[PDB]
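These notes are about the structure you will find just below.
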Amino acid sequence: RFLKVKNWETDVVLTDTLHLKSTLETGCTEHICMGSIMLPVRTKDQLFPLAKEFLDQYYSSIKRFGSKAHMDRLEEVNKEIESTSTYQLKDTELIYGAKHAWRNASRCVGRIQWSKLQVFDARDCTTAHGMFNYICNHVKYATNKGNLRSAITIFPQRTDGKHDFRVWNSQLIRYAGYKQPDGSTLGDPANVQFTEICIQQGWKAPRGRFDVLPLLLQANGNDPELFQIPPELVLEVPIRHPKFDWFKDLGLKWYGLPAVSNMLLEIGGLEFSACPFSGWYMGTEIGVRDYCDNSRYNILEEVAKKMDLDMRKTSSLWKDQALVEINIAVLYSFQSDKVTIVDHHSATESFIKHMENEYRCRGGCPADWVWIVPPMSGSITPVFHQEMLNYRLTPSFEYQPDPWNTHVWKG
Amino acid sequence: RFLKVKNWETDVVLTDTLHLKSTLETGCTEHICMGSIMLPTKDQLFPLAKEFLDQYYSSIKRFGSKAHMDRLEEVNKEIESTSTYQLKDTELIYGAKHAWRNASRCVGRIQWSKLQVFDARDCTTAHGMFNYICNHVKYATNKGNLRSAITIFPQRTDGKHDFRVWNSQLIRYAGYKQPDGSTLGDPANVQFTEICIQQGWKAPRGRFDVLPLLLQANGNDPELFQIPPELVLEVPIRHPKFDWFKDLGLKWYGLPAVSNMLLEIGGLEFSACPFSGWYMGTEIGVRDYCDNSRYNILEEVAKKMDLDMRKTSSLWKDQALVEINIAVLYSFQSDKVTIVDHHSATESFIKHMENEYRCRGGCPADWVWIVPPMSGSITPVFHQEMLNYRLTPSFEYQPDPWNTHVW
Ligand code: HEM
Ligand code: HEM
Ligand SMILES: Cc1cc(N)nc2cc(-c3ccc(CCN)cc3)ccc12
Ligand SMILES: Cc1cc(N)nc2cc(-c3ccc(CCN)cc3)ccc12
Ligand SMILES: C[C@H](O)[C@H](O)[C@H]1CNc2nc(N)[nH]c(=O)c2N1
Ligand SMILES: C[C@H](O)[C@H](O)[C@H]1CNc2nc(N)[nH]c(=O)c2N1
Ligand SMILES: [Zn+2]
């Protein structure tokens, strides 16, 4: 079966066959679409088919399908599963798997870069202190003094689910949020719950508006431990505006390195529950979502006031005007400090090129329109008019429940 | 099977049961989501009629009543006899109002129950069609105090006698090609503008030329009709702060009246059913003016604002887009023509969603089309999970007439 997608702005039509190689479910049925729903222990029984599928993928990509090297690897993995109940990936397979998990991330607009991922093998790690050292080196490598480099660090895989490696932070670098007694919030409201956990674990909070949170790290199923990222490793950009000299007086800054640390990496049936990864920001992630979401820093009105906008009715689009100025300021600040950032026009244009390339060379590119389209100025970017197909390929990055809900506390 | 939708801005959770009443199919499977794809006899007719009449008589609390059973019997007889059936006026109004209520792509559904339905099923000719359409335009326009309306022409019989309005909207600006290169007028309508001249029209080859109507009655060849100019309410577009904005020479019409969809009720098909409401500001300023495949005056506005168009990272396209949209709302408001901005409409839709979950058990909603084409995440619909499913009565797409019409 073949499936066509149409770009309505250029009439380019593309044909997807890669969706046939899809395995997992989407949540949709023939009678309901859950395309806008945010989020819609494993035995030897089902593991070797999952391994064999991955290994067939891997050796196809290295043009060794059906080789002796291929069959011997299958046989070796077979004996390892039946004997030890799991198996280990070779370094080659792990690198391939992590790159293809990003390549298959249907919600990621930055996947033109998928093949330039630096993979850090931390599968020899055994303790929370060892995890912190690996994460510090990831942060330093990835940051590269503002010339950001994509990277992933991979901690040991799940075994019986009772010994997981977990990073309890959702991102490696994030600002604390503090609920005040008067109902207001100091800092980042998205991080109030995590901040409270950290304080409960003994973190001495500075209680400022831009406090970098400590790392809460869990090795081999033990209780998590706090570590402070050395401040010299946390690159930050003060936010100023190219025309408005009062914008600096807002006292805003952001960190340069987006590094998501709460997702699960799946490769050949193995589950890597601790696998922080990082790229560089698209400007709107900071300027639209991190600053102007009602449930975040919510500086729209303060910017709108300082601009002396008509804030009396929404039809003055004072909210839209303030939003664009904030996003100009975020991009100006980052470029001025020579810290890698991409605007949402450049990023979506590149993604369209990536997508067309993927259709030609790979026969498809799974893509989640609901997430690919930028959160402002959607239709003046070229992804808005691009039909997309969403389906789940493996290797993949998956969601996982927050560890404080599932962890069994030692004490 | 009793599904949940979360709003991530407020944590409000709603439980959907209405989807279990979904009949048609979505295009998605458990292996692939197609949520971003734009497009999808005597037997099956009586179950269709029964399901619809069961809906209708429940809504008036007459389910399993004398009137209900007799009507089902009456319709069943007329189907066995005539192979089709006719809707009572009350059923026709209900079916039309619920087709809008079910339109998962429509952000303006909070108004669904206040739809003025014009029964045009006695129409027999394109001249009659033109008359009914003129009365529709004047009623809906209402000197700028716009009123929602639908006019329903005779239902399809055997596909040979279809009533069709060939325009995609009752009021749209012409689109002419070029010996030069690109396009004068509206590029969206280039093909239709051809099939007007190629069908007889005399184009004034300007930029804001209101297209004639191309009306097809009882499956005959379509006929050209010019909509009386004094019924086409238009708004000159100025900006409340830029006075070179007027020099751009822009205007738009006040009445959005979509005329190419098909209205399905109780199995019956109405191929000509033009319906109208009033604009959300972004439909004109974001899409009609700024899409590359449309008027595309973005590059020209930004020049006039002396913005740095050398790098995309200056966000000049974004700054200009906002100003164009401020000007569209300003113009319509100044001329006392009904318009809604995308913040108010999406806020209204969240309240409508909450009402539908409360009093109906759900609301089919297409996030890809509900979220506005600018400033998406500062509107409340962005953070609202939606469930998309196809209820009936419904509005549906239909093929373009010229690709079908046995000439
Ligand atoms: C290199 C620059 C990159 C850019 C500019 C970029 C951009 C983005 C953006 C804007 C999102 C949407 C997040 C949101 O707005 O809430 C996203 C999602 C995502 N990105 Fe990328 N990304 C980059 C690199 C990477 C890398 C290196 C990985 C993994 C190795 C990755 C994996 C993902 C995944 C899995 C998601 C989906 C998360 C989810 O399902 O919630 N990205 N990306
Ligand atoms: C009264 C004010 C109304 C507003 C503000 C409104 C708003 C909108 C908007 C913004 C869209 C997206 C369309 C696009 O982007 O091209 C839409 C779609 C739609 N509207 Fe409404 N609308 C209104 C009235 C109505 C009425 C009266 C009907 C039917 C009786 C209707 C039926 C539809 C349908 C069927 C669609 C989707 C068409 C498709 O699937 O392509 N609307 N509406
Ligand atoms: C690697 C990478 C780079 C980047 N610029 N943004 C990301 C954004 C995400 C992401 C962050 C948060 C969320 C949910 C909250 N918006 C979903 C996805 C994950 C990874 C990213
Ligand atoms: C009744 C009504 C009012 C309004 N403000 N916009 C509409 C917009 C549409 C609409 C028209 C055309 C299309 C084609 C897809 N771009 C999609 C939706 C239909 C009816 C509308
Ligand atoms: C409910 C809705 O799906 C949810 O708010 C999604 C929409 N699209 C998104 N797109 C991006 N890039 N990031 C997001 O957090 C979201 N949130
Ligand atoms: C490709 C994509 O499905 C297409 O551009 C859709 C997306 N969302 C839309 N949303 C609205 N309201 N109107 C549209 O025309 C579209 N176009
Ligand atoms: Zn779907």
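Lettering follows sequence order; numbering is per chain, from 1. Just so it is clear, the values below take in all heavy atoms, side chains as well, and ignore hydrogens, waters and symmetry mates. As the structure lists them, so they are numbered: ligands from 1, and atoms in each ligand from 1.
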Should [X] be counted as touching ligand 5, given the test is an N or O pair under 3.5 Å?
X        : answer
A:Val370 : yes
B:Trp8   : no
B:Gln384 : no
B:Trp367 : no

*Salt bridge between A:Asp121 and A:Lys90, side-chain N to carboxylate O under 4.0 Å?*
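Salt bridge between A:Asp121 and A:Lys90, a charged N being under 4.0 Å from a carboxylate O: no.
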_Test: B:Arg360 and B:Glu356 ion pair at under 4.0 Å_ = yes
*Is the charged tip of B:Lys6 near the ring of B:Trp8: under 6.0 Å from the six-membered ring centre and within 45° of its axis?*
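Satisfied, under 6.0 Å and within 45°.
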*Ring-face cation contact, A:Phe272 with A:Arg158, 6.0 Å cut, 45° max*: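 Not satisfied by the 6.0 Å and 45° rule.
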*Do any nitrogen or oxygen atoms of A:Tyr399 come within less than 3.5 Å of a nitrogen or oxygen of ligand 3?*
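No: no nitrogen or oxygen of A:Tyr399 is under 3.5 Å from one in ligand 3.
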*Considering the heavy atoms of A:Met282, write down every atom of ligand 1 situated less than 4.0 Å from one of them.*
10 (C)
*asked:* Please list, in number order, the atoms of ligand 1 under 4.0 Å from a heavy atom of A:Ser278.
replied: 27 (C)
_ligand 1 contacted by A:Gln113 (non-hydrogen, < 4.0 Å)_ =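 No, A:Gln113 has no heavy atoms under 4.0 Å from ligand 1.
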Considering only the protein, which heavy-atom contact is closest to [atom], and what is its distance?
atom                    : value
atom 2 (C) of ligand 5  : B:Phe382 O, 3.4 Å
atom 38 (C) of ligand 1 : A:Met263 SD, 4.1 Å
atom 10 (C) of ligand 1 : A:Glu285 CD, 3.4 Å
atom 6 (N) of ligand 3  : A:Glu285 OE1, 2.7 Å
atom 3 (O) of ligand 5  : A:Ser36 O, 2.9 Å
atom 17 (C) of ligand 3 : A:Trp371 CZ3, 3.3 Å
atom 29 (C) of ligand 1 : A:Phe277 CD1, 3.3 Å
atom 11 (C) of ligand 5 : A:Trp371 CE3, 3.3 Å

_Separation of A:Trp102 CH2 from A:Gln113 CD (nearest 0.5 Å)_ = 6.0 Å
*What is the distance from atom CG of A:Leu389 to atom SG of A:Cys365, rounded to the nearest 0.5 Å?*
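Rounded to the nearest 0.5 Å, the CG-SG separation comes out at 10.0 Å.
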Atom of [X], atom of [Y] and distance for their closest heavy-atom approach:
X        : Y        : value
A:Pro374 : A:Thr348 : CG-CG2, 3.6 Å
A:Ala98  : A:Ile152 : CB-CG2, 4.2 Å
A:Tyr96  : A:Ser61  : CE1-OG, 3.2 Å
A:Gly256 : A:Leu148 : O-CD2, 3.2 Å
A:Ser115 : A:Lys99  : O-NZ, 3.0 Å

*Got more than 12 heavy atoms from elsewhere within 6.0 Å of CD, A:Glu356?*
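More than 12 within 6.0 Å, yes.
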*Provide the number and element of each atom of ligand 5 under 4.0 Å from a heavy atom of B:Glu385.*
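That gives atoms 1 (C) of ligand 5.
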*Sub-4.0 Å atoms of ligand 5 with respect to non-hydrogen atoms of B:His383*: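 In order of numbering, the contacting atoms are 1 (C), 5 (O).
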*Please walk me through it: do A:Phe277 and A:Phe397 pass ring-ring contact (aromatic ring centres under 6.0 Å, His included)?*
CA-CA 10 Å; A:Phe277 50 80; A:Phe397 293 107; 4.5 Å; yes
*Check A:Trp280 against ligand 1 and report side chain, backbone, both or neither, counting heavy atoms closer than 4.0 Å.*
both
*Give the intermediate values and the outcome of salt bridge (charged side-chain N to carboxylate O under 4.0 Å, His left out) for residues A:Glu271 and A:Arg42.*
CA-CA 9 Å; A:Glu271 295 177 314; A:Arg42 178 190 255 108; 3.2 Å; yes
*Judged by modelled atom types alone, do A:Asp290 and A:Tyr175 share a side-chain donor-acceptor pair under 3.5 Å?*
no
*Closest by any non-hydrogen atom to atom 1 (C) of ligand 3: pick that one out of A:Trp102, A:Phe277, B:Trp8.*
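The residue whose heavy atom sits nearest atom 1 (C) of ligand 3 is A:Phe277.
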*Closest to atom 12 (C) of ligand 1 among A:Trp371, A:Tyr281, A:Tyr399 (heavy-atom distance)*: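 Of the listed residues, A:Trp371 has the closest heavy atom.
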*Atoms of the protein (N/O/S only) found under 2.8 Å from atom 21 (Fe) of ligand 1*: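 Near atom 21 (Fe) of ligand 1, the protein supplies A:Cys108 SG.
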*Please indicate, with yes or no, if any protein heavy atom is found under 4.0 Å from atom 12 (C) of ligand 3?*
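When distances to the protein are checked, atom 12 (C) of ligand 3 has no heavy atom within 4.0 Å.
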*Non-hydrogen protein atom less than 4.0 angstrom from atom 15 (C) of ligand 3*: no
*Consider ligand 5: state whether an atom of it lies below 4.0 angstrom from any non-hydrogen atom of A:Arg289.*
yes
*Decide if the gap between the ring center of A:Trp254 and the ring center of A:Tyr291 is smaller than 6.0 angstrom.*
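So the answer is yes for these two rings.
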*Any chance the rings of A:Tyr141 and A:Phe120 have centres within less than 6.0 Å?*
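When the ring centroids of A:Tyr141 and A:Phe120 are compared, they turn out to be within the sub-6.0 Å range.
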*Looking only at heavy atoms, is any part of A:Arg107 under 4.0 Å from ligand 3, and if so is it the side chain, the backbone, or both, or is it neither?*
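Neither part.
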Within the 4.0 Å heavy-atom shell around [X], which atoms of ligand 3 are there?
X        : result
A:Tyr281 : 5 (N)
A:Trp280 : 4 (C), 5 (N)
A:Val260 : 9 (C), 19 (C), 20 (C)

*Run the ring-ring contact (aromatic ring centres under 6.0 Å, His included) check on A:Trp369 and A:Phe384 step by step: do they pass?*
CA-CA 8 Å; A:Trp369 191 106; A:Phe384 183 93; 5.4 Å; yes
